[PDB]
>>> print(open('my_file.pdb').read())   # PDB, C-alpha atoms
ATOM      1  CA  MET A   1    -271.049  26.320 -67.302
ATOM      2  CA  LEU A   2    -268.068  24.958 -65.374
ATOM      3  CA  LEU A   3    -267.189  21.493 -66.720
ATOM      4  CA  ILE A   4    -265.323  20.044 -63.729
ATOM      5  CA  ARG A   5    -267.524  19.227 -60.699
ATOM      6  CA  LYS A   6    -266.857  21.687 -57.884
ATOM      7  CA  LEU A   7    -266.203  19.080 -55.185
ATOM      8  CA  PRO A   8    -263.573  17.087 -57.102
ATOM      9  CA  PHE A   9    -261.903  20.386 -58.026
ATOM     10  CA  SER A  10    -261.919  21.715 -54.471
ATOM     11  CA  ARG A  11    -260.440  18.454 -53.155
ATOM     12  CA  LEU A  12    -257.621  18.740 -55.643
ATOM     13  CA  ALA A  13    -256.996  22.406 -54.816
ATOM     14  CA  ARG A  14    -256.961  21.754 -51.062
ATOM     15  CA  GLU A  15    -254.593  18.810 -51.500
ATOM     16  CA  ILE A  16    -252.136  20.976 -53.498
ATOM     17  CA  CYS A  17    -252.454  23.794 -50.965
ATOM     18  CA  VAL A  18    -251.704  21.480 -48.027
ATOM     19  CA  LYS A  19    -248.662  20.010 -49.830
ATOM     20  CA  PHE A  20    -247.265  23.541 -50.278
ATOM     21  CA  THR A  21    -248.251  24.771 -46.805
ATOM     22  CA  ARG A  22    -247.351  21.527 -44.974
ATOM     23  CA  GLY A  23    -250.267  22.147 -42.587
ATOM     24  CA  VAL A  24    -250.355  25.911 -41.937
ATOM     25  CA  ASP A  25    -253.987  26.688 -41.225
ATOM     26  CA  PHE A  26    -255.565  28.369 -44.236
ATOM     27  CA  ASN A  27    -259.022  28.309 -45.644
ATOM     28  CA  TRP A  28    -260.581  29.410 -48.877
ATOM     29  CA  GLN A  29    -263.490  31.711 -49.567
ATOM     30  CA  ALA A  30    -266.066  30.058 -51.809
ATOM     31  CA  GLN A  31    -265.513  32.994 -54.214
ATOM     32  CA  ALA A  32    -261.778  32.217 -54.110
ATOM     33  CA  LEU A  33    -262.208  28.533 -55.044
ATOM     34  CA  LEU A  34    -264.598  29.639 -57.824
ATOM     35  CA  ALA A  35    -262.178  32.259 -59.214
ATOM     36  CA  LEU A  36    -259.514  29.561 -59.232
ATOM     37  CA  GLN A  37    -261.663  26.991 -61.052
ATOM     38  CA  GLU A  38    -262.892  29.550 -63.599
ATOM     39  CA  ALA A  39    -259.315  30.557 -64.401
ATOM     40  CA  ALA A  40    -258.126  26.886 -64.463
ATOM     41  CA  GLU A  41    -260.816  25.885 -66.970
ATOM     42  CA  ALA A  42    -260.210  28.999 -69.141
ATOM     43  CA  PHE A  43    -256.481  28.166 -69.044
ATOM     44  CA  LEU A  44    -257.168  24.568 -70.230
ATOM     45  CA  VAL A  45    -259.556  25.767 -72.948
ATOM     46  CA  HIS A  46    -257.049  28.315 -74.363
ATOM     47  CA  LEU A  47    -254.230  25.729 -74.154
ATOM     48  CA  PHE A  48    -256.430  23.328 -76.122
ATOM     49  CA  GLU A  49    -256.982  26.045 -78.754
ATOM     50  CA  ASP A  50    -253.209  26.785 -78.989
ATOM     51  CA  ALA A  51    -252.302  23.075 -79.105
ATOM     52  CA  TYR A  52    -254.891  22.423 -81.811
ATOM     53  CA  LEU A  53    -253.165  25.023 -84.016
ATOM     54  CA  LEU A  54    -250.199  22.698 -83.803
ATOM     55  CA  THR A  55    -252.337  19.615 -84.655
ATOM     56  CA  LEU A  56    -253.396  21.320 -87.883
ATOM     57  CA  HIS A  57    -249.813  22.482 -88.466
ATOM     58  CA  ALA A  58    -248.778  18.771 -88.340
ATOM     59  CA  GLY A  59    -251.505  17.994 -90.890
ATOM     60  CA  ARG A  60    -253.666  16.141 -88.340
ATOM     61  CA  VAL A  61    -257.205  16.464 -86.905
ATOM     62  CA  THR A  62    -256.568  14.498 -83.638
ATOM     63  CA  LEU A  63    -254.851  16.218 -80.749
ATOM     64  CA  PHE A  64    -251.719  14.303 -79.658
ATOM     65  CA  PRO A  65    -249.782  14.911 -76.495
ATOM     66  CA  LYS A  66    -246.842  16.361 -78.521
ATOM     67  CA  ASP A  67    -249.217  19.161 -79.614
ATOM     68  CA  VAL A  68    -249.955  20.055 -75.992
ATOM     69  CA  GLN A  69    -246.309  19.671 -74.922
ATOM     70  CA  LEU A  70    -245.111  21.947 -77.750
ATOM     71  CA  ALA A  71    -247.723  24.556 -76.786
ATOM     72  CA  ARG A  72    -246.566  24.424 -73.141
ATOM     73  CA  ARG A  73    -242.892  24.649 -74.128
ATOM     74  CA  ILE A  74    -243.603  27.693 -76.352
ATOM     75  CA  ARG A  75    -245.773  29.362 -73.641
ATOM     76  CA  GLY A  76    -242.956  29.240 -71.025
TER      77      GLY A  76
ATOM     78  CA  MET B   1    -221.049  38.883 -80.282
ATOM     79  CA  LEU B   2    -223.987  41.112 -81.207
ATOM     80  CA  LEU B   3    -225.075  40.323 -84.782
ATOM     81  CA  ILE B   4    -226.853  43.569 -85.695
ATOM     82  CA  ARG B   5    -224.544  46.591 -86.175
ATOM     83  CA  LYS B   6    -224.970  49.043 -83.307
ATOM     84  CA  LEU B   7    -225.601  52.117 -85.464
ATOM     85  CA  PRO B   8    -228.402  50.623 -87.581
ATOM     86  CA  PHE B   9    -229.975  49.300 -84.372
ATOM     87  CA  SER B  10    -229.730  52.620 -82.549
ATOM     88  CA  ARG B  11    -231.279  54.456 -85.512
ATOM     89  CA  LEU B  12    -234.202  52.074 -85.450
ATOM     90  CA  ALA B  13    -234.631  52.385 -81.677
ATOM     91  CA  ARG B  14    -234.511  56.191 -81.781
ATOM     92  CA  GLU B  15    -237.020  56.286 -84.639
ATOM     93  CA  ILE B  16    -239.477  54.099 -82.666
ATOM     94  CA  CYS B  17    -238.919  56.179 -79.532
ATOM     95  CA  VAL B  18    -239.622  59.452 -81.362
ATOM     96  CA  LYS B  19    -242.807  58.011 -82.926
ATOM     97  CA  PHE B  20    -244.074  57.113 -79.432
ATOM     98  CA  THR B  21    -242.870  60.325 -77.765
ATOM     99  CA  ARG B  22    -243.816  62.645 -80.665
ATOM    100  CA  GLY B  23    -240.764  64.792 -79.852
ATOM    101  CA  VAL B  24    -240.486  64.883 -76.043
ATOM    102  CA  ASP B  25    -236.794  65.321 -75.348
ATOM    103  CA  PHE B  26    -235.296  62.033 -74.196
ATOM    104  CA  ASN B  27    -231.916  60.506 -74.625
ATOM    105  CA  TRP B  28    -230.471  57.084 -74.076
ATOM    106  CA  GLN B  29    -227.506  55.945 -72.041
ATOM    107  CA  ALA B  30    -225.113  53.861 -74.122
ATOM    108  CA  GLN B  31    -225.659  51.081 -71.538
ATOM    109  CA  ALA B  32    -229.413  51.453 -72.110
ATOM    110  CA  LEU B  33    -229.184  51.048 -75.907
ATOM    111  CA  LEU B  34    -226.888  48.039 -75.328
ATOM    112  CA  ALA B  35    -229.260  46.385 -72.821
ATOM    113  CA  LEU B  36    -232.033  46.872 -75.361
ATOM    114  CA  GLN B  37    -230.084  45.357 -78.267
ATOM    115  CA  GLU B  38    -228.874  42.416 -76.162
ATOM    116  CA  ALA B  39    -232.440  41.626 -75.109
ATOM    117  CA  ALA B  40    -233.784  42.149 -78.688
ATOM    118  CA  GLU B  41    -231.263  39.704 -80.168
ATOM    119  CA  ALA B  42    -231.842  37.130 -77.372
ATOM    120  CA  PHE B  43    -235.594  37.504 -78.000
ATOM    121  CA  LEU B  44    -235.117  36.827 -81.761
ATOM    122  CA  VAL B  45    -232.815  33.865 -81.082
ATOM    123  CA  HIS B  46    -235.279  32.201 -78.645
ATOM    124  CA  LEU B  47    -238.190  32.902 -81.034
ATOM    125  CA  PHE B  48    -236.191  31.214 -83.796
ATOM    126  CA  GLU B  49    -235.654  28.193 -81.515
ATOM    127  CA  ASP B  50    -239.400  28.012 -80.634
ATOM    128  CA  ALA B  51    -240.466  28.475 -84.274
ATOM    129  CA  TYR B  52    -238.041  25.787 -85.432
ATOM    130  CA  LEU B  53    -239.762  23.301 -83.095
ATOM    131  CA  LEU B  54    -242.809  23.975 -85.219
ATOM    132  CA  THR B  55    -240.846  23.492 -88.492
ATOM    133  CA  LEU B  56    -239.874  20.009 -87.321
ATOM    134  CA  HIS B  57    -243.429  19.414 -86.082
ATOM    135  CA  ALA B  58    -244.611  20.121 -89.682
ATOM    136  CA  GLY B  59    -242.047  17.599 -90.949
ATOM    137  CA  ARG B  60    -239.844  20.300 -92.519
ATOM    138  CA  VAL B  61    -236.228  21.522 -92.166
ATOM    139  CA  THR B  62    -236.788  25.065 -93.610
ATOM    140  CA  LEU B  63    -238.290  27.742 -91.411
ATOM    141  CA  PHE B  64    -241.443  29.230 -92.995
ATOM    142  CA  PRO B  65    -243.197  32.349 -91.846
ATOM    143  CA  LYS B  66    -246.168  30.259 -90.562
ATOM    144  CA  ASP B  67    -243.733  28.672 -88.066
ATOM    145  CA  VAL B  68    -242.783  32.090 -86.699
ATOM    146  CA  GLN B  69    -246.387  33.357 -86.747
ATOM    147  CA  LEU B  70    -247.624  30.280 -84.845
ATOM    148  CA  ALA B  71    -244.861  30.744 -82.256
ATOM    149  CA  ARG B  72    -245.844  34.415 -81.806
ATOM    150  CA  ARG B  73    -249.549  33.561 -81.548
ATOM    151  CA  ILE B  74    -248.819  30.889 -78.892
ATOM    152  CA  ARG B  75    -246.452  33.234 -76.959
ATOM    153  CA  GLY B  76    -249.142  35.956 -76.567
TER     154      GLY B  76
ATOM    155  CA  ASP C   1    -234.676  55.501 -90.178
ATOM    156  CA  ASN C   2    -234.870  52.448 -90.492
ATOM    157  CA  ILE C   3    -236.181  48.825 -90.345
ATOM    158  CA  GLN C   4    -234.451  47.914 -93.712
ATOM    159  CA  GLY C   5    -231.118  48.523 -91.902
ATOM    160  CA  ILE C   6    -231.687  45.166 -90.226
ATOM    161  CA  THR C   7    -229.815  43.287 -92.916
ATOM    162  CA  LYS C   8    -230.281  39.873 -94.503
ATOM    163  CA  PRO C   9    -226.951  38.491 -93.160
ATOM    164  CA  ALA C  10    -227.777  39.722 -89.625
ATOM    165  CA  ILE C  11    -231.102  37.892 -89.853
ATOM    166  CA  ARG C  12    -229.578  34.604 -91.196
ATOM    167  CA  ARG C  13    -226.968  34.691 -88.430
ATOM    168  CA  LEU C  14    -229.627  35.271 -85.719
ATOM    169  CA  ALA C  15    -231.607  32.334 -87.126
ATOM    170  CA  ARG C  16    -228.361  30.294 -87.152
ATOM    171  CA  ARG C  17    -227.546  31.143 -83.499
ATOM    172  CA  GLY C  18    -231.073  29.831 -82.756
ATOM    173  CA  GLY C  19    -230.255  26.537 -84.498
ATOM    174  CA  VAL C  20    -231.955  27.295 -87.811
ATOM    175  CA  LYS C  21    -229.733  26.659 -90.884
ATOM    176  CA  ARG C  22    -232.326  27.096 -93.628
ATOM    177  CA  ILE C  23    -234.909  29.860 -93.878
ATOM    178  CA  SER C  24    -237.504  30.901 -96.437
ATOM    179  CA  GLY C  25    -236.756  34.194 -98.222
ATOM    180  CA  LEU C  26    -239.983  35.338 -96.516
ATOM    181  CA  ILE C  27    -238.327  35.179 -93.140
ATOM    182  CA  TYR C  28    -236.463  38.474 -93.700
ATOM    183  CA  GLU C  29    -239.617  40.623 -93.612
ATOM    184  CA  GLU C  30    -241.104  38.329 -90.955
ATOM    185  CA  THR C  31    -238.140  38.977 -88.584
ATOM    186  CA  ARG C  32    -238.214  42.717 -89.316
ATOM    187  CA  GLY C  33    -241.875  42.768 -88.352
ATOM    188  CA  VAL C  34    -241.417  40.800 -85.134
ATOM    189  CA  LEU C  35    -238.436  42.955 -84.132
ATOM    190  CA  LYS C  36    -240.329  46.221 -84.729
ATOM    191  CA  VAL C  37    -243.241  45.051 -82.539
ATOM    192  CA  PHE C  38    -240.899  43.922 -79.764
ATOM    193  CA  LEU C  39    -239.044  47.270 -79.762
ATOM    194  CA  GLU C  40    -242.244  49.314 -79.957
ATOM    195  CA  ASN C  41    -243.472  47.615 -76.776
ATOM    196  CA  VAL C  42    -240.203  47.619 -74.825
ATOM    197  CA  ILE C  43    -239.291  51.183 -75.809
ATOM    198  CA  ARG C  44    -242.772  52.426 -74.967
ATOM    199  CA  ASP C  45    -242.534  50.872 -71.493
ATOM    200  CA  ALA C  46    -238.915  51.939 -70.862
ATOM    201  CA  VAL C  47    -239.596  55.586 -71.772
ATOM    202  CA  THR C  48    -242.900  55.618 -69.864
ATOM    203  CA  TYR C  49    -240.980  54.520 -66.775
ATOM    204  CA  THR C  50    -238.258  57.176 -67.336
ATOM    205  CA  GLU C  51    -241.090  59.780 -67.508
ATOM    206  CA  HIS C  52    -242.839  58.468 -64.361
ATOM    207  CA  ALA C  53    -239.496  58.924 -62.611
ATOM    208  CA  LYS C  54    -239.263  62.559 -63.869
ATOM    209  CA  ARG C  55    -235.959  61.791 -65.637
ATOM    210  CA  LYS C  56    -234.731  62.711 -69.142
ATOM    211  CA  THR C  57    -232.228  59.920 -69.748
ATOM    212  CA  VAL C  58    -233.347  56.335 -70.361
ATOM    213  CA  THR C  59    -231.068  54.030 -68.310
ATOM    214  CA  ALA C  60    -230.311  50.281 -68.410
ATOM    215  CA  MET C  61    -232.521  49.818 -65.322
ATOM    216  CA  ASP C  62    -235.390  51.544 -67.225
ATOM    217  CA  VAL C  63    -234.958  49.000 -70.055
ATOM    218  CA  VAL C  64    -234.690  46.114 -67.557
ATOM    219  CA  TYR C  65    -237.994  47.179 -65.944
ATOM    220  CA  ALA C  66    -239.648  47.306 -69.403
ATOM    221  CA  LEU C  67    -238.376  43.852 -70.271
ATOM    222  CA  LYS C  68    -239.783  42.367 -67.050
ATOM    223  CA  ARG C  69    -243.351  43.054 -68.266
TER     224      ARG C  69
ATOM    225  CA  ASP D   1    -257.233  13.547 -52.958
ATOM    226  CA  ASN D   2    -257.183  13.673 -56.030
ATOM    227  CA  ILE D   3    -256.019  14.291 -59.653
ATOM    228  CA  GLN D   4    -257.947  11.168 -60.954
ATOM    229  CA  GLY D   5    -261.161  13.008 -59.930
ATOM    230  CA  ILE D   6    -260.652  15.130 -63.035
ATOM    231  CA  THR D   7    -262.730  12.823 -65.187
ATOM    232  CA  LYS D   8    -262.484  11.732 -68.813
ATOM    233  CA  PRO D   9    -265.800  13.400 -69.825
ATOM    234  CA  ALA D  10    -264.753  16.681 -68.141
ATOM    235  CA  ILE D  11    -261.522  16.582 -70.143
ATOM    236  CA  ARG D  12    -263.247  15.797 -73.512
ATOM    237  CA  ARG D  13    -265.714  18.628 -72.903
ATOM    238  CA  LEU D  14    -262.904  21.112 -72.069
ATOM    239  CA  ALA D  15    -261.119  20.065 -75.270
ATOM    240  CA  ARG D  16    -264.446  20.473 -77.133
ATOM    241  CA  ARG D  17    -265.046  23.994 -75.730
ATOM    242  CA  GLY D  18    -261.545  24.772 -77.091
ATOM    243  CA  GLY D  19    -262.584  23.564 -80.557
ATOM    244  CA  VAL D  20    -261.016  20.108 -80.367
ATOM    245  CA  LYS D  21    -263.410  17.256 -81.328
ATOM    246  CA  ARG D  22    -260.937  14.371 -81.416
ATOM    247  CA  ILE D  23    -258.256  13.613 -78.845
ATOM    248  CA  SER D  24    -255.746  10.823 -78.310
ATOM    249  CA  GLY D  25    -256.441   8.611 -75.274
ATOM    250  CA  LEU D  26    -253.090   9.995 -74.056
ATOM    251  CA  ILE D  27    -254.585  13.425 -73.648
ATOM    252  CA  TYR D  28    -256.335  12.469 -70.381
ATOM    253  CA  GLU D  29    -253.093  12.112 -68.396
ATOM    254  CA  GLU D  30    -251.577  15.009 -70.355
ATOM    255  CA  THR D  31    -254.391  17.384 -69.230
ATOM    256  CA  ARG D  32    -254.197  16.112 -65.642
ATOM    257  CA  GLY D  33    -250.494  16.904 -65.631
ATOM    258  CA  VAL D  34    -250.878  20.391 -67.092
ATOM    259  CA  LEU D  35    -253.714  21.193 -64.673
ATOM    260  CA  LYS D  36    -251.716  20.048 -61.622
ATOM    261  CA  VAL D  37    -248.753  22.260 -62.606
ATOM    262  CA  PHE D  38    -251.004  25.266 -63.211
ATOM    263  CA  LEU D  39    -252.714  24.859 -59.811
ATOM    264  CA  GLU D  40    -249.444  24.234 -57.973
ATOM    265  CA  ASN D  41    -248.136  27.574 -59.255
ATOM    266  CA  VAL D  42    -251.302  29.639 -58.813
ATOM    267  CA  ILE D  43    -252.111  28.186 -55.387
ATOM    268  CA  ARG D  44    -248.544  28.691 -54.207
ATOM    269  CA  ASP D  45    -248.678  32.361 -55.232
ATOM    270  CA  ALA D  46    -252.215  32.981 -53.911
ATOM    271  CA  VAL D  47    -251.427  31.523 -50.470
ATOM    272  CA  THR D  48    -248.036  33.266 -50.325
ATOM    273  CA  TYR D  49    -249.847  36.559 -50.874
ATOM    274  CA  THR D  50    -252.480  35.732 -48.197
ATOM    275  CA  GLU D  51    -249.553  35.064 -45.786
ATOM    276  CA  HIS D  52    -247.710  38.293 -46.715
ATOM    277  CA  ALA D  53    -250.941  40.097 -45.851
ATOM    278  CA  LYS D  54    -251.083  38.334 -42.427
ATOM    279  CA  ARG D  55    -254.498  36.836 -43.280
ATOM    280  CA  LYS D  56    -255.855  33.289 -42.814
ATOM    281  CA  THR D  57    -258.499  33.202 -45.538
ATOM    282  CA  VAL D  58    -257.563  33.070 -49.225
ATOM    283  CA  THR D  59    -259.834  35.529 -51.098
ATOM    284  CA  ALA D  60    -260.752  36.008 -54.781
ATOM    285  CA  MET D  61    -258.416  39.034 -54.902
ATOM    286  CA  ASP D  62    -255.572  36.782 -53.609
ATOM    287  CA  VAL D  63    -256.248  34.373 -56.508
ATOM    288  CA  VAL D  64    -256.515  37.273 -58.990
ATOM    289  CA  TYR D  65    -253.095  38.574 -57.866
ATOM    290  CA  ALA D  66    -251.607  35.067 -58.317
ATOM    291  CA  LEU D  67    -253.063  34.766 -61.794
ATOM    292  CA  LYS D  68    -251.565  38.107 -62.868
ATOM    293  CA  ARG D  69    -248.034  36.655 -62.537
TER     294      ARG D  69
END
>>> encode(input="my_file.pdb", output="structure tokens")
Amino acid sequence: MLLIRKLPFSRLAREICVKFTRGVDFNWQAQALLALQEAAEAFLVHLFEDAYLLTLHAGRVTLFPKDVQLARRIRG
Amino acid sequence: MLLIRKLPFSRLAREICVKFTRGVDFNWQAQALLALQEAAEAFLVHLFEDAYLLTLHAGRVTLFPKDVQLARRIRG
Amino acid sequence: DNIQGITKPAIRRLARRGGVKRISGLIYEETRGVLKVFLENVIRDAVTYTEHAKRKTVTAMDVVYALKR
Amino acid sequence: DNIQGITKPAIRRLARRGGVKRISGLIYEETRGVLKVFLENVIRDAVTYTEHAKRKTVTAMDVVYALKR
């Protein structure tokens, strides 16, 4: 069901965590890293849906980065 | 500075309040009704800015309702 | 009493302040609709918070709390 | 280590699940960028909340709290 492999995702999450934390010892529950990935993928899916509304608004059928940037801008 | 007249706005606010409350006795501080109007107008202004990004995305210079509806949809 | 009291020139000028010079005639009812929904939600939350606090007067801080949601 | 591990087929399939069949080649780096920003914010908030609670293990409820913001 999840489209990103769990190991690449967890390496990216850990890297981002360590950059924020600068080395403070934290660890993640497996259920935590899963919650995060599930929400990340759902976020990307719904952003793709929103941005595709803009593709069609521009009279296109191919998603362009401007469609995704406009959706992000309008989101917040 | 505020573009909507205060009395029309306050009549609309009170009407909406009473429909929610169904007659529970509440009243508004003048500073409350002002805060509300200031935020309402700022909300409309920023929605107009967002929706106009979509007008230009569609290759137009005239705001259409679809531009405002798309902006609302993408907002939440 | 009353959403029609949000006038056409008010609406044009709000659109103008947001950098929009030209609007469809259809925008008038569109803006009315959006405004009503926004106020219904904010007013609901502001009054709910005034009630939770056992108060009878809606304050600016009640409205600010509502907006933050 | 590492944003490039979010692969091109993963990205196409996410776009597909969101009803998008055709994407610009430019979408790959666009999605990477959006994902990194999303995780930076959520992870920041989740860990901050774990720290506020004087705990050392980030839980699913910590992540859920972060998401709610």
>>> calpha_fit_and_write(input="my_file.pdb", fixed="chain D", moving="chain C", output="PDB file with C-alpha atoms, in the coordinates of the input")
ATOM      1  CA  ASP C   1    -257.233  13.548 -52.957  1.00  0.00           C
ATOM      2  CA  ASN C   2    -257.183  13.674 -56.030  1.00  0.00           C
ATOM      3  CA  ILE C   3    -256.019  14.291 -59.653  1.00  0.00           C
ATOM      4  CA  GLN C   4    -257.947  11.168 -60.953  1.00  0.00           C
ATOM      5  CA  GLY C   5    -261.160  13.009 -59.930  1.00  0.00           C
ATOM      6  CA  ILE C   6    -260.652  15.130 -63.035  1.00  0.00           C
ATOM      7  CA  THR C   7    -262.729  12.823 -65.188  1.00  0.00           C
ATOM      8  CA  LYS C   8    -262.484  11.732 -68.813  1.00  0.00           C
ATOM      9  CA  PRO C   9    -265.800  13.400 -69.824  1.00  0.00           C
ATOM     10  CA  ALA C  10    -264.753  16.681 -68.140  1.00  0.00           C
ATOM     11  CA  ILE C  11    -261.522  16.582 -70.143  1.00  0.00           C
ATOM     12  CA  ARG C  12    -263.246  15.797 -73.512  1.00  0.00           C
ATOM     13  CA  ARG C  13    -265.713  18.628 -72.902  1.00  0.00           C
ATOM     14  CA  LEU C  14    -262.904  21.112 -72.069  1.00  0.00           C
ATOM     15  CA  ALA C  15    -261.119  20.066 -75.270  1.00  0.00           C
ATOM     16  CA  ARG C  16    -264.445  20.473 -77.133  1.00  0.00           C
ATOM     17  CA  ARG C  17    -265.046  23.995 -75.730  1.00  0.00           C
ATOM     18  CA  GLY C  18    -261.545  24.772 -77.091  1.00  0.00           C
ATOM     19  CA  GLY C  19    -262.584  23.564 -80.557  1.00  0.00           C
ATOM     20  CA  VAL C  20    -261.017  20.108 -80.366  1.00  0.00           C
ATOM     21  CA  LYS C  21    -263.410  17.256 -81.328  1.00  0.00           C
ATOM     22  CA  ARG C  22    -260.937  14.371 -81.416  1.00  0.00           C
ATOM     23  CA  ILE C  23    -258.255  13.613 -78.845  1.00  0.00           C
ATOM     24  CA  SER C  24    -255.746  10.824 -78.309  1.00  0.00           C
ATOM     25  CA  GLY C  25    -256.441   8.611 -75.274  1.00  0.00           C
ATOM     26  CA  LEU C  26    -253.090   9.996 -74.055  1.00  0.00           C
ATOM     27  CA  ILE C  27    -254.586  13.425 -73.647  1.00  0.00           C
ATOM     28  CA  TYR C  28    -256.335  12.470 -70.380  1.00  0.00           C
ATOM     29  CA  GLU C  29    -253.093  12.112 -68.396  1.00  0.00           C
ATOM     30  CA  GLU C  30    -251.576  15.010 -70.355  1.00  0.00           C
ATOM     31  CA  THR C  31    -254.392  17.383 -69.230  1.00  0.00           C
ATOM     32  CA  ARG C  32    -254.197  16.112 -65.642  1.00  0.00           C
ATOM     33  CA  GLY C  33    -250.494  16.904 -65.631  1.00  0.00           C
ATOM     34  CA  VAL C  34    -250.878  20.391 -67.092  1.00  0.00           C
ATOM     35  CA  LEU C  35    -253.714  21.193 -64.673  1.00  0.00           C
ATOM     36  CA  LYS C  36    -251.716  20.048 -61.623  1.00  0.00           C
ATOM     37  CA  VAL C  37    -248.753  22.260 -62.606  1.00  0.00           C
ATOM     38  CA  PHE C  38    -251.003  25.266 -63.210  1.00  0.00           C
ATOM     39  CA  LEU C  39    -252.714  24.858 -59.810  1.00  0.00           C
ATOM     40  CA  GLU C  40    -249.444  24.234 -57.973  1.00  0.00           C
ATOM     41  CA  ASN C  41    -248.136  27.574 -59.256  1.00  0.00           C
ATOM     42  CA  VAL C  42    -251.303  29.639 -58.813  1.00  0.00           C
ATOM     43  CA  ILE C  43    -252.111  28.186 -55.387  1.00  0.00           C
ATOM     44  CA  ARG C  44    -248.545  28.691 -54.207  1.00  0.00           C
ATOM     45  CA  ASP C  45    -248.679  32.361 -55.233  1.00  0.00           C
ATOM     46  CA  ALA C  46    -252.215  32.981 -53.912  1.00  0.00           C
ATOM     47  CA  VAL C  47    -251.427  31.522 -50.470  1.00  0.00           C
ATOM     48  CA  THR C  48    -248.035  33.265 -50.325  1.00  0.00           C
ATOM     49  CA  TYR C  49    -249.848  36.559 -50.874  1.00  0.00           C
ATOM     50  CA  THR C  50    -252.480  35.732 -48.197  1.00  0.00           C
ATOM     51  CA  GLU C  51    -249.553  35.064 -45.785  1.00  0.00           C
ATOM     52  CA  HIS C  52    -247.710  38.292 -46.715  1.00  0.00           C
ATOM     53  CA  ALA C  53    -250.942  40.096 -45.851  1.00  0.00           C
ATOM     54  CA  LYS C  54    -251.083  38.333 -42.428  1.00  0.00           C
ATOM     55  CA  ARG C  55    -254.498  36.836 -43.280  1.00  0.00           C
ATOM     56  CA  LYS C  56    -255.855  33.289 -42.814  1.00  0.00           C
ATOM     57  CA  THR C  57    -258.499  33.201 -45.539  1.00  0.00           C
ATOM     58  CA  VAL C  58    -257.563  33.070 -49.224  1.00  0.00           C
ATOM     59  CA  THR C  59    -259.834  35.529 -51.098  1.00  0.00           C
ATOM     60  CA  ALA C  60    -260.752  36.007 -54.781  1.00  0.00           C
ATOM     61  CA  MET C  61    -258.416  39.034 -54.903  1.00  0.00           C
ATOM     62  CA  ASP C  62    -255.573  36.782 -53.609  1.00  0.00           C
ATOM     63  CA  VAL C  63    -256.248  34.373 -56.509  1.00  0.00           C
ATOM     64  CA  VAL C  64    -256.515  37.273 -58.990  1.00  0.00           C
ATOM     65  CA  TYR C  65    -253.095  38.574 -57.866  1.00  0.00           C
ATOM     66  CA  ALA C  66    -251.607  35.067 -58.317  1.00  0.00           C
ATOM     67  CA  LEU C  67    -253.063  34.765 -61.794  1.00  0.00           C
ATOM     68  CA  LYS C  68    -251.565  38.106 -62.868  1.00  0.00           C
ATOM     69  CA  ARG C  69    -248.035  36.655 -62.537  1.00  0.00           C
TER      70      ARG C  69
END
>>> closest_atom_pairs(input="my_file.pdb", of="chain A", to="chain D", cutoff="9 Å", atoms="all atoms listed in the file", output="tab-separated table")
residue	atom	partner	partner_atom	distance
A:3	CA	D:10	CA	5.6
A:4	CA	D:10	CA	5.6
A:5	CA	D:6	CA	8.3
A:8	CA	D:5	CA	5.5
A:9	CA	D:6	CA	7.4
A:11	CA	D:1	CA	5.9
A:12	CA	D:2	CA	5.1
A:13	CA	D:39	CA	7.0
A:14	CA	D:1	CA	8.4
A:15	CA	D:1	CA	6.1
A:16	CA	D:40	CA	6.2
A:17	CA	D:43	CA	6.2
A:20	CA	D:44	CA	6.6
A:21	CA	D:47	CA	8.3
A:25	CA	D:56	CA	7.0
A:26	CA	D:56	CA	5.1
A:27	CA	D:57	CA	4.9
A:28	CA	D:58	CA	4.8
A:29	CA	D:59	CA	5.5
A:30	CA	D:59	CA	8.3
A:31	CA	D:60	CA	5.7
A:32	CA	D:60	CA	4.0
A:33	CA	D:60	CA	7.6
A:34	CA	D:60	CA	8.0
A:35	CA	D:60	CA	6.0
A:36	CA	D:63	CA	6.4
A:39	CA	D:67	CA	8.0
A:40	CA	D:35	CA	7.2
A:41	CA	D:14	CA	7.3
A:42	CA	D:14	CA	8.8
A:43	CA	D:38	CA	8.5
A:44	CA	D:14	CA	6.9
A:45	CA	D:18	CA	4.7
A:46	CA	D:18	CA	6.3
A:47	CA	D:18	CA	7.9
A:48	CA	D:18	CA	5.4
A:49	CA	D:18	CA	5.0
A:50	CA	D:18	CA	8.8
A:52	CA	D:20	CA	6.7
A:61	CA	D:22	CA	7.0
A:62	CA	D:22	CA	4.9
A:63	CA	D:23	CA	4.7
A:64	CA	D:24	CA	5.5
A:65	CA	D:27	CA	5.8
A:68	CA	D:30	CA	7.7
A:69	CA	D:30	CA	8.4
A:72	CA	D:34	CA	8.5
>>> resolve_selection(input="my_file.pdb", expression="the PyMOL selection byres ((chain A) within 9 of (chain B))", output="list in words")
residues 47, 50, 51, 53, 54, 57, 58, 59, 66, 67, 70, 71, 72, 73, 74, 75 and 76 of chain A
>>> atom_distance(input="my_file.pdb", atom1="atom CA of residue A:18", atom2="atom CA of residue A:1")
27.7 Å
>>> atom_distance(input="my_file.pdb", atom1="atom CA of residue C:68", atom2="atom CA of residue C:45")
10.0 Å
